[PDB]
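*Asks:* One structure follows; several queries about it will come next.
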Amino acid sequence: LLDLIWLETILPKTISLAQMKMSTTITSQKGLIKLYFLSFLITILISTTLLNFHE
Amino acid sequence: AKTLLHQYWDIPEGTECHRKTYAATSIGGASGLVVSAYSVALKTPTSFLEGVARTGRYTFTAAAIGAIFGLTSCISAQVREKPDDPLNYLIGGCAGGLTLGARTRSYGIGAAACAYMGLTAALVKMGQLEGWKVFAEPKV
Amino acid sequence: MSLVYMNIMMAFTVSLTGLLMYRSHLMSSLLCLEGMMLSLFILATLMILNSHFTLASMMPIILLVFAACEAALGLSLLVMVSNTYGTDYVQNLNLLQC
Amino acid sequence: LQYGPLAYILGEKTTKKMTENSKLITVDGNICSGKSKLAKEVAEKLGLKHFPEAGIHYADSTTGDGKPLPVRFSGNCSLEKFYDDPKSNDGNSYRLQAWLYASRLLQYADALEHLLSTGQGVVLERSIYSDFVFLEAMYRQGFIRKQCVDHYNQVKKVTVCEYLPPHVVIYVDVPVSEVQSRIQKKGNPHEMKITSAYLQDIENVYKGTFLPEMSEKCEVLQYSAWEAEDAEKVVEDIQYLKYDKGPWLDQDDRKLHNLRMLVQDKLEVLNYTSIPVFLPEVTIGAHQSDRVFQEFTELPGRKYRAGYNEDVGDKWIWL
Amino acid sequence: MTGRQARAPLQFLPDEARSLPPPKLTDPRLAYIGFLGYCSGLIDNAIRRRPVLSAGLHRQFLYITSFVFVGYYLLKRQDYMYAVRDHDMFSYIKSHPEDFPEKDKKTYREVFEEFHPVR
Amino acid sequence: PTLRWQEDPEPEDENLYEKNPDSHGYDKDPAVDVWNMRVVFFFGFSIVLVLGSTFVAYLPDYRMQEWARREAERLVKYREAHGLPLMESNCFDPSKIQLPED
Amino acid sequence: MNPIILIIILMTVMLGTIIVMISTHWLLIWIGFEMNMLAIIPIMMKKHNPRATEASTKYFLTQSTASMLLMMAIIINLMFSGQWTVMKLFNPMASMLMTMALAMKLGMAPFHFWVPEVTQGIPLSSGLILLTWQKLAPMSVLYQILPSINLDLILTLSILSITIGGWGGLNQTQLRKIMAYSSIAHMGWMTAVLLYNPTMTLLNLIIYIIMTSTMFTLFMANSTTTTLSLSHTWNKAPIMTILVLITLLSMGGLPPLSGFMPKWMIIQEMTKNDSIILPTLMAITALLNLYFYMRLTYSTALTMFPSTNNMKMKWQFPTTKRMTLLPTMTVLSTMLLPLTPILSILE
Amino acid sequence: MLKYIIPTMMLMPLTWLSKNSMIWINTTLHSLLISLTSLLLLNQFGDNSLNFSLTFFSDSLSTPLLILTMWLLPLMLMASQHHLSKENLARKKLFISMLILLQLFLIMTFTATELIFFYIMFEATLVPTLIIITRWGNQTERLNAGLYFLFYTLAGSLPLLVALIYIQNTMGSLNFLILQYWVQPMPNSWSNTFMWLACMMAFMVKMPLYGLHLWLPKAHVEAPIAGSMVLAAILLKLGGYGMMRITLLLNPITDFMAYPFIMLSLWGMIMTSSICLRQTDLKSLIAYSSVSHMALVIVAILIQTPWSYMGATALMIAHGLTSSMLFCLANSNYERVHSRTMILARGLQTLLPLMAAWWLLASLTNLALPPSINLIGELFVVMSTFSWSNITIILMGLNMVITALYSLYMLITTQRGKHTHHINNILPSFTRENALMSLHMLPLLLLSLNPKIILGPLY
Amino acid sequence: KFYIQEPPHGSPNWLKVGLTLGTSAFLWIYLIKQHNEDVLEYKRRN
Amino acid sequence: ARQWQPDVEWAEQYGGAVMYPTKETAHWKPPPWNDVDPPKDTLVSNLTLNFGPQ
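Residue numbers (the working numbering), protein chains in the order written: chain A, 109 to 163; chain B, -13 to 126; chain C, 6 to 103; chain D, 18 to 336; chain E, 846 to 964; chain F, 74 to 175; chain G, 2 to 348; chain H, 295 to 753; chain I, 673 to 718; chain J, 57 to 110.
Take a look at the structure:
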């Protein structure tokens, strides 16, 4: 109840499962091309008009 | 974005209540627009109506985070009335994390959201109180 | 700011978005890249002719001959893509999945 | 070494050691009938070098010292045990067959190496193509699970879709009862414990699949049993042929250079052997693999690069 | 820290590098580079199946000689760069002496501090 | 029909005794076993342990300890000879201090 | 192809990157980038599969649009204060477009979508030369144009590149995608210092190039592309195991080994400013991107996977490969801890 | 000290260019010679520590730990046979050379000039122990144990580097002498709190404290004997040594922010003594014993009395020797039966009669043998903490009762009551095990005679 | 001689090894020459 | 030899195209070994003409 199962859920498990889920969400992009260039487009627009860098 | 986060920090802490929640809903709606734009431009949700549904859901959850965060910020600042602690905004970020866990309907995941969002809100208030330069000096 | 430059840069941005978003083929994307090339050529040419920038007038002709051979390389690549298939769709490129 | 790009530029070509002696002829027939007989016959007649059948210890017989290593290292095939019990729960067919596949690929690499290296053309026997025919017939007899057949088929997809076909295939047809009579002449009781429906399936698939997949690439010359020695007739219709099909008229210098530099560096040939899918007859535990590699290093000749290894030579480690 | 008078191009060993004491025999850094060369040749013989500690003795000698040569020129450039950093520092001290005042070096008879008792 | 393996029956139980009854602890080469016993019980005990024991049994004293004893005896005899009490407090000179006032 | 033709094409890759290095003009820099593209295409598709065809297609589209965006930034720079000198720009917008174009050129995390996909379906020589020279070329330009850059762009691309190069790979088993994600992470580390002291950035570039050469040379020790092939490299040769071990652990960045030296000195000349949140974020993610290194190590260097026979057949044959320069680069790239004051060699 | 570093560089190729059945005696003999050579170290006197070079200086905190390290090496180098005799000669040379390299980085770690060099040699200590336990772990989760070990020790020890560079560029150089002279109180800001928490938390992770000690049981049940003893003794007491050196700075805020670490240390010491009272897998009992004693060490560090520091370093050296001995006892039991459990191997009073003397003596040294160094350390820590608070003696004595309890149960579970009369494969007591025990316990009793060495710099 | 009719190398040449020993002796003589010239330069100056 | 070793199913878990199969990504099939896709389709029979009475 304190050491083994609960401490191994609080420190390793949350971190490890968080990194595993962020991996399975980010690197699981299916290999299109239009998706990548639309990502380029939303990157350019969100750099210009939302959080401006020239101003 | 920049001008409305400067609007948020222009609102003192301090009690100028629920304009804080208006600014925090605006911040959350901006962040939801960001992540919703990624999630609709990297998925092809098939179709356009489902994409609008996912964007509205993401912006609604993030605006709910900002709204309830600013509400319990004002509630701490008016009830306990300690203006310059990280403890009240630790409580506030935990409130935002638990309401995110409510809107995603997960309980231990909502507790993890409480822990991490409370620690980040404590970091933001704490470093802004002491004064820690964001992103750079950029001098040497 | 010589207001022809305004809608030239605007049409540049629209050509760049045409290079970015496209749904069916790739030759249309390469053609919008050629239009973007034309936009750069025209803007630099009008500037160097305005400024009496007579010494380094090499820029538009050298810019277009180089980006011309770039487009030739792109044509050879699209011919190889269309030759290892029947078409040149954006689809049937999803192999080597990520 | 007289290879690589600099030797290809400074050297003349890879083409001026041609032709009409440098050729790939391949005698292909059944077990115990279509064998080294007519191969050595046409090797002596046509003036053209000869490789034997690809042995189990052929890798020992082609490098190192001529003395073959025991079957702890070159095995564990045990062809006599395969003729004894070809339904082993201990695993005997497919391990043997993958080893013979590597042996066929090694001797075919030796063949193409000797062909490109100055000539002068070789006769082969029991090729890689008869090897997939062997696996197909051996699966028709119900000896192997189909997944393992799929694995060998994947090895065939990788390794065979790389190289050039031979020039001609001299096919031999000998009927089932005649192979039965010749194996009674051969008289090995371990070999006499073979059955005959397996041999029947070999000849059925070996006519029905091998020959249509030639399709005049690897021009076939189909002979009877007494249509043999007859050495004059086989050199006569080898002289008849004209070499139309196959990519041998379209290489012309670059791809011959590529296969010259690809066949040498034999490890670059043999890297594609272990795929792996892990093949529960074929894999080896770590402890056994470690002790087998240590005993491999406990031979005198095969102990870290014998050209530099002491106790045999070569009197020069530069003091 | 940017060049600093690139007039005078890149110049792997400059003119004023001979206006400073060069390193000598049995300096420990070049000895480290020499042991690195010995390990380089040893591991080169360890790549291929030729035996270690043997039959690569000219490769041992060549690799050790080459690394000592390279590291000697690198040490010369290193000491040049540190010396010119020192001279630029003290010359900027000389250029603005007024911007760097001598701090009030009080003696400890008149220094008040805090105590903060731990118990 | 399948076993997924090809190795030995692994491991195998291996008693170190019953090939050298006069063996000491480690492996089956019997002469070097006595060499090892000799080197560890001479160069671990007979020359390390007792020599380090006599080294640490007496050496020049840490913290100048007997020196501090004799120094304290001399200084206490001094201060009791000159009438003033031993261990005068305020270890630094109160005339030689510069107190920041209020 | 011919070997003379490959001599000429690699000579032109050398010439293109040198022209990028050498000119004070902008046109020659753009020509160097274009010639780099034109000559690096035929090194890919050296074999004849459609994998390399689609990889070359993706590379050409991203590479081309990066070059065109760069030329746009230069012509905007001459819309403002007009000269073709490579110095400080005179527009926040032109510098914005220029850093975005160079970010598509080398690969940052908003723009990293093409890098693993192009590095998978290619032979290893093509991947090695594209990684080394395509990360060598734009850093010269960034070194030259650094005093006109808003820090938000370089900082955001650097943080995001380190964290996405960390988070990718944990699902990935193909070794080329692993090394490409490592390339993204080290380019983020190479970018995050450039506004503070660029000597560290070029030093990290030298260290990463030598490490990448050692890495792909030990992947060219035999024909391997997956981890199970590396288990077969375990059971066929013992020295390749410990060399892959030490090079992987130097990519990890551990203090008694050479790959820690670019990390720690970057942390130093970062933190002589008041940047603390940025080093602790970058260094936690530098802890993160060691796990796929460590699972490759745990797979095929210290555990003992079961192997397959015909390795018995492979035991008879010598490793008759060619190494370009393996052992020199290896032991120079691993034992280089006490030569940290060779920082100042770079001026 | 450089004359202690350079024969260790000479001891590495000894292993390589000695031949078959010749590496072993040469390595053992010559490392014992190095034990003599650094038994010659202790010149330290009076006012300062013995300080020689820009490279080196040694305190009398560093002196007994360095002597302990070089003394523990050859004992271990003999201890790690019987599980690699059947392995290869080359892999054996790799093992022994890895041990020697690990010793070299330990000595480098103990005699560091600036704390940057201490950190470099700290994670240099960290790296090869991983390779040792992973290449010869001999249980199916050596994967998980090495992974937990490296990730905890890096990611706890990671902001320490940032904080050291910050102290570098805020107060001049980082040598311990001038930092001893140029300390100044950094009062209650919040950045001071984060910096203190960074440094102290890194060494907390190294101890371990109770909050994240979970790597430590797996790292002792899934490790060979050599990496286990190096890990426990030298690495955990090295973490304590490092906290002892870095705690000289940052005095004014430790009264504000030192309370919760004391809390977690005390309550986790009690809970650790509770959890080791019941578990099987005998090898792990020593690991949780180590967690309990190092929680006591951490309490001793964070209270800041010279009594507390002297008791702390006494407990360091004593538990290092005791835990290494008891690890080798568990290894002897695991060589007898291939169990690692606790209830299987029983009896052993009949069989192996003088092995009982060593089990009794080890459980006595865990039991605070009344003139032993262990009792000296525990006693002075109880003295200083009763000065610090008049009510914390309850937890200390409850720890004492349960400590005696689990040490005695560890004794009588294995070597008391009934031989199971079905095992019938134990060999008689080797001279190797008894030799290793005479190498362990005679120095412990010699230091129990005149312990003026093992008390620290505040002697 | 113990092989299956195939010596690839191993019987040593006398061009490559002599060239390497000659160029390494060349490099030793050159570095000693350069070091003596630089010692003489530093003695000339100071 | 008394030591645990990693096994066939362990290396299967360290195999496939991806490491973590989820509810969608399991169709990401493992790549081939020669990096050679099969010669698939699309008109080996090239073309025809009919010269009629035109």
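C-beta atoms are modelled at their ideal positions from N, C-alpha and C, and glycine is treated no differently.
Check the Cβ of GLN102 of chain C against every Cβ in chain J and list those closer than 7 Å, keeping chain order.
*Replies:* Near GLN102 of chain C (Cβ distances below 7 Å), the residues of chain J are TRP84.
*Asks:* Chain D beta carbons: is any one of them nearer than 8 Å to that of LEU920 of chain E?
*Replies:* Judged by the 8 Å Cβ criterion, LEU920 of chain E is not in contact with chain D.
*Asks:* Return the CA-CA distance between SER559 of chain H and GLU672 of chain H, expressed in angstroms with no decimal places.
*Replies:* Going from the Cα of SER559 of chain H to the Cα of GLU672 of chain H covers about 15 Å.
*Asks:* Identify the residues that DSSP records as bridge partners of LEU141 of chain D: which are they?
*Replies:* According to DSSP, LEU141 of chain D bridges with D:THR43.
*Asks:* Would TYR75 of chain D and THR176 of chain D qualify as a contact pair, given that the criterion is a beta-carbon distance under 8 Å?
*Replies:* No, the Cβ-Cβ distance between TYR75 of chain D and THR176 of chain D is not below 8 Å.
*Asks:* With a threshold of 8 Å on Cβ separation, who are the neighbours of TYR44 of chain B within its own chain once the five nearest residues in sequence on each side are excluded?
*Replies:* Cβ neighbours of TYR44 of chain B beyond the five flanking positions: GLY18, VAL21, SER22 and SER25.
*Asks:* Throw me the rounded Cβ distance for the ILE361 of chain H and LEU344 of chain H pair, which I believe falls under 8 Å.
*Replies:* With a Cβ gap of about 13 Å, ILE361 of chain H and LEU344 of chain H do not count as contacting.
*Asks:* Going by CA-CA distance only, name the one from H:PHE621, H:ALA662, H:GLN375 and H:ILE685 that's closest to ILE696 of chain H.
*Replies:* Minimum Cα distance to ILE696 of chain H is reached at H:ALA662.
*Asks:* Please state if the CB of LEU510 of chain H and the CB of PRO502 of chain H are separated by a distance shorter than 8 Å.
*Replies:* Yes, these two residues count as a Cβ contact at 8 Å.
*Asks:* If you measure beta-carbon to beta-carbon, which residues of the segment 305 to 317 of chain H are closer than 9 Å to chain E?
*Replies:* Listed by position along the chain: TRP310 and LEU311.
*Asks:* How would you call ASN109 of chain F, buried or exposed, if buried means at least 16 neighbouring beta carbons within 10 angstroms?
*Replies:* So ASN109 of chain F counts as buried.
*Asks:* For a cutoff of 8 Å on Cβ pairs, would you count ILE118 of chain A as touching chain G?
*Replies:* No - not a single Cβ of chain G is within 8 Å of the one on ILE118 of chain A.
*Asks:* I need the boundaries of the alpha helix (DSSP H) containing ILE187 of chain D, first residue and last residue.
*Replies:* No alpha helix (DSSP H) holds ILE187 of chain D; the beta strand (DSSP E) holding it covers 185 to 189.
*Asks:* Alpha carbons only, please: which of F:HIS97, F:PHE128 and F:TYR99 is nearest the one belonging to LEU330 of chain H?
*Replies:* Nearest C-alpha to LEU330 of chain H: F:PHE128.
*Asks:* Identify the contact partners of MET26 of chain C in chain M, using a Cβ-Cβ distance below 9 Å as the criterion.
*Replies:* In the structure shown, chain M does not exist; the protein chains are A, B, C, D, E, F, G, H, I and J.
*Asks:* Check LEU687 of chain I in the structure and name its three-state DSSP category.
*Replies:* Coil at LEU687 of chain I, not helix or strand.
*Asks:* Listing by chain order, which chain J residues have their CB less than 7 Å from the CB of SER136 of chain A?
*Replies:* Within 7 Å Cβ-Cβ: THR81.
*Asks:* Identify the contact partners of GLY169 of chain G in chain A, using a Cβ-Cβ distance below 8 Å as the criterion.
*Replies:* Chain A residues near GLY169 of chain G: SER131, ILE134 and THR135.
*Asks:* Using the Cα positions of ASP82 of chain D and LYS66 of chain D, report the straight-line distance between them to the nearest angstrom.
*Replies:* Looking at the two C-alpha atoms, the distance is approximately 22 Å.
*Asks:* Cutting at 6 Å between CB atoms, please list the residues of its own chain near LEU41 of chain D, excluding the five before and the five after it.
*Replies:* Correct list, in chain order: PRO183 and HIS184.
*Asks:* Cutting at 6 Å between CB atoms, please list the residues of its own chain near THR11 of chain B, excluding the five before and the five after it.
*Replies:* The answer, listed in chain order, is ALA49, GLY52 and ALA53.
*Asks:* Just checking: is the beta-carbon of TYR76 of chain J within a distance shorter than 8 Å of some beta-carbon in chain A?
*Replies:* Answer yes: the Cβ-Cβ gap between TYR76 of chain J and chain A drops below 8 Å somewhere.
*Asks:* Name the two residues that bound the continuous beta strand (DSSP E) containing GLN239 of chain D.
*Replies:* 236 to 240 is the extent of the beta strand (DSSP E) around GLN239 of chain D.
*Asks:* In chain order, what residues of the same chain have a beta carbon less than 8 Å from the beta carbon of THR242 of chain G, not counting five sequence neighbours either side?
*Replies:* Cβ within range, chain order: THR234, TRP235, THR301 and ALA302.
*Asks:* Measuring alpha carbon to alpha carbon, tell me which residue in B:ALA27, B:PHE46 and B:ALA101 is nearest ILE13 of chain B.
*Replies:* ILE13 of chain B has its Cα closest to that of B:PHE46, out of B:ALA27, B:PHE46 and B:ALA101.
*Asks:* If we cut at 8 Å on Cβ distances, does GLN69 of chain J have a partner in chain H?
*Replies:* Not closer than 8 Å to any Cβ of chain H, the Cβ of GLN69 of chain J fails to qualify, so no.
*Asks:* Which full runs of the alpha helix (DSSP H) of 4+ residues lie inside the segment 120 to 166 of chain G, going along the chain?
*Replies:* The qualifying runs are 125 to 146.
*Asks:* Taking any Cβ of chain G, which residues in the segment 891 to 925 of chain E have a Cβ under 7 Å from it, in chain order?
*Replies:* Those would be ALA891, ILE892, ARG893, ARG894, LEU919, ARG922 and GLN923, in chain order.
*Asks:* Using a Cβ-Cβ cut-off of 8 Å, state whether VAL92 of chain J counts as contacting chain D.
*Replies:* Chain D, which has a Cβ nearer than 8 Å to the Cβ of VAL92 of chain J, makes this yes.
*Asks:* Exposed or buried, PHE698 of chain I, counting other C-beta atoms within 10 Å across all chains shown (16 or more means buried)?
*Replies:* With fewer than 16 other Cβ atoms within 10 Å, it is exposed.
*Asks:* Pull out every residue of the segment 84 to 115 of chain F whose Cβ sits closer than 7 Å to any Cβ of chain D, in chain order.
*Replies:* Answer in chain order: no residues at all.
*Asks:* Compute the distance between the beta-carbons of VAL140 of chain D and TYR223 of chain D, then report whether it is under 8 Å.
*Replies:* No, these two residues do not count as a Cβ contact at 8 Å.
*Asks:* Write down the C-beta distance between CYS103 of chain C and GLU55 of chain G rounded to the nearest angstrom, noting that I regard them as a contact closer than 8 Å.
*Replies:* Not a contact, Cβ separation roughly 12 Å.
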